[PDB]
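Here we start with a single chain on its own, the form deposited in one PDB entry, put down as structure tokens.
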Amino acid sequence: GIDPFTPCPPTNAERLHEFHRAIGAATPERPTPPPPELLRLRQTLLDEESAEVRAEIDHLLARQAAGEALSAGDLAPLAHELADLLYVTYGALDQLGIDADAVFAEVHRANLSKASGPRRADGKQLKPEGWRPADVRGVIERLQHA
């Protein structure tokens, strides 16, 4: 039964669950339809961070257009903003009670499978024979019933 003889490192999705506990945002374990106020907030957070990343890439491109060879350190603001974007993307999934890792694993499976196809002469990736799309409707279902 149970006796003295009776732990993977946390993932970034799991970090968002810890964060939302810390800010008192009590987020659900299983997929949960959100109130509209939550959707609007998540939209705003995504729009704001996306714009920040976009602007930073524009700034790096302008420096390159001027003849600059950027250094690694020059990438720090962009890297920071990309991580902030992950933070609000994971954040939206977590507030929806949707396991980001489970959904991501399915999208990764379909993308990796697509990568095994040939390329067109012009370089476009083609799908292989027997390629199955990501079935995210199926993932949501399994999360509801586990």
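Throughout, rigid core stands for the largest set of C-alpha atoms superposing within 1.5 Å between the two forms. So that there is no doubt, residue numbering starts at 1 and follows the sequence shown. Residues that one form lacks are left out of the comparison.
What follows is about the form deposited in another entry, which we do not show.
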Task: Listed options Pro77, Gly97, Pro34, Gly117; Cα moving by 2 angstroms or more between the shown form and the other one (core superposition) - done: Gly117
Open item on the list: So, superposing on the core, is the move of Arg132 at the CA at least 2 angstroms between the shown form and the other one?
Closed with: yes
Open item on the list: As a test: superpose on the rigid core, then list the runs of at least 3 residues whose Cα atoms all move 2 angstroms or more between the shown form and the other one.
Closed with: 116-132
